[PDB]
Amino acid sequence: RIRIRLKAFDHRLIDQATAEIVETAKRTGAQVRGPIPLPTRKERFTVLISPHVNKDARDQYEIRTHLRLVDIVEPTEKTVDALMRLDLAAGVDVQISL
Amino acid sequence: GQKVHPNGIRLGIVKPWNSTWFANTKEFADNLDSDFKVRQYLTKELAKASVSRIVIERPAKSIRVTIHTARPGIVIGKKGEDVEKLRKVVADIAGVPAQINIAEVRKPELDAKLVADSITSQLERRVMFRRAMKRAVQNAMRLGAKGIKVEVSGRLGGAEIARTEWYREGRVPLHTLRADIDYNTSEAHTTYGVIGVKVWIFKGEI
Amino acid sequence: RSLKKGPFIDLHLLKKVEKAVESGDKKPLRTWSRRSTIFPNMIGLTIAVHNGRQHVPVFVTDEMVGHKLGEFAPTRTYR
Amino acid sequence: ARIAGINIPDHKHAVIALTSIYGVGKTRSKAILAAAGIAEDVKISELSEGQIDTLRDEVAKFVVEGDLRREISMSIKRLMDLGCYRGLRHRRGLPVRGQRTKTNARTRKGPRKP
Amino acid sequence: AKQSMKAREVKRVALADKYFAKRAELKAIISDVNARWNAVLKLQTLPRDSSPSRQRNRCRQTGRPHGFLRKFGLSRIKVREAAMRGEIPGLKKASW
Amino acid sequence: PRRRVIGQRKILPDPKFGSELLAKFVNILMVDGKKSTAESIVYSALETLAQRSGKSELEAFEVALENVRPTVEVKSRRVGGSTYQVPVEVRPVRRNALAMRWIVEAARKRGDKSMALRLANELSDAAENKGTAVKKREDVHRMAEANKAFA
Amino acid sequence: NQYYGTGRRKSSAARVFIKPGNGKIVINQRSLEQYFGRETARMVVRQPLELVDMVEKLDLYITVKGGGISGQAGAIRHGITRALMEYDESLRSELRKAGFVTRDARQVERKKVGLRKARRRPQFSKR
RNA sequence: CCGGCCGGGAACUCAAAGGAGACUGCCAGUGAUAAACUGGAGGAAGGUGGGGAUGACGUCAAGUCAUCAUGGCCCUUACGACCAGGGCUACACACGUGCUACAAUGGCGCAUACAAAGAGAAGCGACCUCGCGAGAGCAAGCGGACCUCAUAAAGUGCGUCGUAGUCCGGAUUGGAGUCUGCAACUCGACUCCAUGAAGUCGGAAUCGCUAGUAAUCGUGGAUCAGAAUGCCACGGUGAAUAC
Ligand SMILES: [Mg+2]
Ligand SMILES: [Mg+2]
Ligand SMILES: [Mg+2]
Ligand SMILES: [Mg+2]
Ligand SMILES: [Mg+2]
Ligand SMILES: [Mg+2]
Ligand SMILES: [Mg+2]
Ligand SMILES: [Mg+2]
Ligand SMILES: [Mg+2]
Ligand SMILES: [Mg+2]
Ligand SMILES: [Mg+2]
């Protein structure tokens, strides 16, 4: 009925508002198709390192972007107030709809 | 040149990040500029307020901004006073609403950046560069600090021809990733030119 | 050779072409418009084509048509 | 086995022997044996007189050979006459399309010397 | 990187949308099979910087038109300067 | 090879005979990394050999190989001024690596149509030592012996 | 029950299900041939049935993806020995000495800024 | 509807978190009963398992005042600033780095099998339809393990070419076109049709690489309206040799 996408660059954290959310579901209402991992779109930016000349220097950075699914099948008005008003983790992107 | 920046090589572990928000490409850009626009402005204001760090998080249509300082009261002003007129301009820059925390800095002698700036502002004050490094390194070992080093660069005192000079008292494993190292920069804008400061401070491990 | 959907030509040159069609030619005719495609209605005229340093006289004809004004105004002096 | 051009080709598959004409390259030849009712890979053995001259017309359709040559010079001359960039280019022995001449213009500039 | 070169780029984006995207889509359909009256294209006398592709793309902090990166909006030189102060969320020296 | 003396990765003895040896052959004749086409060429050059000699397969290559096998070689030795083209005697282990190489190397420089063929014609000619490879050994020989003086 | 082993090689992933029936073999819902029997490695697939006989003693339906001709057939090769699992460890010792047990971990080594391709170095001249 | 497609299935492949695991520790010889090496066991992995990142005090007044910053210097109705057009793309040459070849381990037609890794809203754009084609019109899905970019190529199968400046090789030029963009003359990329140079494997001399490497085959990306033989990534097939 409701599934929540989670994205955030911090791995030791995304699954710790995943757990928090899964927990504030299984304790209230219930169901929840566990929390699903889901491929980590990781960019990469490789840049020239010397301000002038020396194209063999180069720094190589990446930005990992982590996913989490959740999926709650049974939507109890109560389990739908568990997410509401109890949430935080100001650095996870949470998508509620599809 | 050839030493990997000590803070950045640690981010993944044992070292934070002074911006922590999520954005997607599209806005990722405009936020990044917002950030280096609020720190720019702020650092010019709390200039002589001993601010060592300003963290940023945009919590969904919101910007939080902590200001790790070592003179909380001077930042805060007469009960809530200045923090307000900051809030104002900060929300009046980021283009969204601005809350604003003011974390305090104990044992600032231990703070890389505040250290550097100290030496940095002492050079513009016109004091012996030898003496000022020696002070740094001391009050630091003084209050703990398993190590520290501080070098300064060029025109040191004035010389037509430019030098450096470090001062490694204690432990500093810049190869040991676990090692807690608070590293930083500060440039002093003297009348004979510009001297660059770099302080490493070895706090711990694990 | 590109274009496909409307030969190009600047207005402020084209209205220099008609201030001499009706009127009848004058001396040369200065343009910095090496862009424009030469049109049938330019034959017999003498547009001056800027090539960088100054404007080169060029008498149009019945086959300098699908060619840019600037094809007849060498830009790099080589010798 | 002349066809069309002073040229007198054959002794292999037809679709290649046809290209022999100045005026044909693969496509126009495929179109030829196709639009004249012949099989690409057939030699001129088996290919009796009847089939040959049917082709001769099929190629006679285009401006091949001598005329093509004549017509191609015609063009190059036109350019040069108008004193345009691509014309002053043909005249000056260097390459027309835009290629660099700071180095490697050789095939149009001609084997080097001084 | 030379004020006046920035100030151009600002004017370039200003105009880039004052007109184009809007006014210059009296041009979008205008040049497609609605055929014809050629006064349709002729119109292009609109400033010049009015076109988007007339915008370079500058290290939002410094100016450098070279070594830009869209994600960040900066030149690799500032990208790394921020990179090593945290500054860029999620961005660390990667390996694999 | 300065300090860490080493061994040998042992390849997978031939997918159509069960032979370490020939699988060195194919690798050796293999090019641009096309094992597929590579064995295709020895199996069908061994197929023209095969019947044309009649003497089986395995053991027919083994003779032509036995021919262009080299017993001694001239090893450089640049000492003060002098080259010193020292003859010396070679291991069995490579003695057929070479031989296989000089064969593969020869047939590549032949004037026939197909590499299968060229290869075959080389195996054949060598069997009755009169080929380019045999010609090689009869110079690695002529070139030892002429500096045989040394020892 | 379906007795089985995974097995993979170089980005390939083949799963192998044994069942005592015949000597018929199906990879990706395909004849052994119809996939690559008649190709470079048609014979390695059988291999894990050397000292462990069959001819038509036990059946294997298997699927594999990722990598290529040799890589996939490598995985399979693993998964058969890995499924010979079930039938004891009194066979998984000459599966050792044969080597089919081992996971060949050779991967493709990345392209490293400053070289052409992992090890290939851009040619240099002193002047 | 023989499409994992609908129920279902939680097994397996994978997915991203967390753990375990390899330590010369075990046997054995070698070695001063040391360090270590060597070989064997077991094991997915043996002897820093494979790769990355990480570059000490320092050397070259080495590079960067043009990324930015800045001491001094100098111009200020000009060394600043606006617009146009042109130039950085020139061309007797010389050198460096690369791409494409000289060919049957190949060319070519046809059929056909097997990857990885990434990108995407002012975006990726299916489908359908039009066009020989580049493309064009229309139009669904997808902020994306869903949708699109996207139909890997080597390979394998038949077939043809028969050692030839060739059905090898594609330069150069003619003509006609497509898309981007106010704008493709200078100077964009691509496409159709014709054109078919040099080149038959390269003097002296000289570079790379020790294994999933070299060699070879395709794929993607950053910059970017457009403009990759470069650059940064990605798997496929897959060697030779070290006294
Ligand atoms: Mg050259
Ligand atoms: Mg400036
Ligand atoms: Mg641009
Ligand atoms: Mg590779
Ligand atoms: Mg210097
Ligand atoms: Mg210097
Ligand atoms: Mg200044
Ligand atoms: Mg330039
Ligand atoms: Mg060809
Ligand atoms: Mg070659
Ligand atoms: Mg090495």
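Enquirer: Before we move on, could you go through the nonpolar core and cite the residues and values that matter?
Expert: Core analysis: the biggest nonpolar cluster contains 37 residues, and B:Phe28, B:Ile63, B:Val65, B:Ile67, E:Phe72 and E:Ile88 have the highest contact counts within it. Secondary-structure elements contributing two or more residues to this core are β2 (42-47) and β3 (59-64) of chain A, α1 (25-45) and α3 (81-94) of chain B together with α3 (76-83) of chain E. For this core, the leading source of residues is α1(B), giving five residues. Dropping the residues within four chain positions of it, B:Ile63 is found in contact with B:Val38, B:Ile56, B:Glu57, B:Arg58, B:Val90, B:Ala94, B:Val96, B:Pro97, B:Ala98 and B:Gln99. Listed in part, the 30 residues of the second largest apolar core include F:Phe25, F:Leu49, F:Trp102 and F:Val140.

Enquirer: Describe the pattern of salt bridges, and please don't skip the residues or the numbers.
Expert: Taken as a whole and assessed by the stated rule, the structure comprises 47 salt bridges over all chains. A salt bridge links E:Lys71 to A:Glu43; the nearest nitrogen and oxygen atoms lie 2.2 Å apart. Here A:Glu43 lies in strand β2 and E:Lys71 lies in the loop between β1 (68-69) and β2 (74-75), a pairing that spans two chains. On the basis of relative accessible area, A:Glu43 is assigned to the partly exposed category, the value being 36%. A salt bridge links E:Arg60 to B:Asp33; the nearest nitrogen and oxygen atoms lie 3.4 Å apart. Taken together, the positions of E:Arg60 in the loop between α2 (39-42) and β1 and B:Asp33 in helix α1 put the pair across two chains. Residue classification places B:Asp33 among the buried positions, given a relative accessible area of 13%. Linked by salt bridges that have partners in common, B:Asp35, B:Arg39, B:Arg58, E:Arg85 and E:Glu87 make up one network.

Enquirer: Pulling in residues and values, what's your account of helix α1 (residues 20-29) of chain F?
Expert: Residue and element names in this part refer to chain F. If you check which residues of α1 are buried, you get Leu 21, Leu 22, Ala 23, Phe 25, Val 26 and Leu 29. Where α1 is buried, its residues meet α2 (35-43), α3 (46-53), α4 (58-67), α5 (92-108) and α6 (115-127). Structurally, the start of α1 carries an N-cap: the backbone nitrogen of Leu 21 is 3.4 Å from a side-chain oxygen of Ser 19.

Enquirer: I'd love a proper account of the environment of B:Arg64, names of residues and values included.
Expert: Counting through the fold element by element, B:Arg64 comes out in the loop between α1 and α2 (72-76). Taking relative accessible area as the criterion, B:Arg64 reaches 26% and is therefore assigned partly exposed. In sequence terms B:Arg64 and B:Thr43 are 21 residues apart; their C-alpha atoms lie 16 Å from each other. Sequence-distant contacts of B:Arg64, defined by excluding residues within four places in its chain, comprise A:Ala90, B:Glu57, B:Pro59, B:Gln99, B:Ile100 and B:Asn101.

Enquirer: I'd love a proper account of a nonpolar patch on the surface, names of residues and values included.
Expert: Taken together, the side chains of A:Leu83, A:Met84 and A:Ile96 define a hydrophobic patch exposed on the protein surface, amounting to about 250 Å² of accessible area. Residue A:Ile96 is classed as exposed on the basis of its relative accessible area of 53%.

Here is what the cut-offs are and how they apply
Residues numbered from 1 in each chain as written, not as in the entry; some residues may be left out. Chains lettered and ligands numbered in written order. Part of a larger assembly, values for the part shown. Heavy atoms only, no water. Core = buried A, V, L, I, M, F, W, Y, C linked by side-chain atoms within 4.5 Å. Buried < 20%, exposed > 50% of the residue type's maximum accessible area, 1.4 Å probe, protein only. Helix = DSSP H or I, 4+ residues; strand = E, 2+ residues; numbered from the N terminus. Contact = heavy atoms within 4.5 Å. Salt bridge = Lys/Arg side-chain N within 4 Å of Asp/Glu carboxyl O. Polar contact = N/O pair within 3.5 Å; in protein donor to acceptor, adjacent residues only side chain to side chain. Patch = residues over 30% accessible without salt bridge, like charges linked within 9 Å, V, L, I, M, F, W, Y side chains within 5 Å. Areas by Shrake-Rupley, 256 points an atom, 1.4 Å probe, with all protein chains shown as cover.

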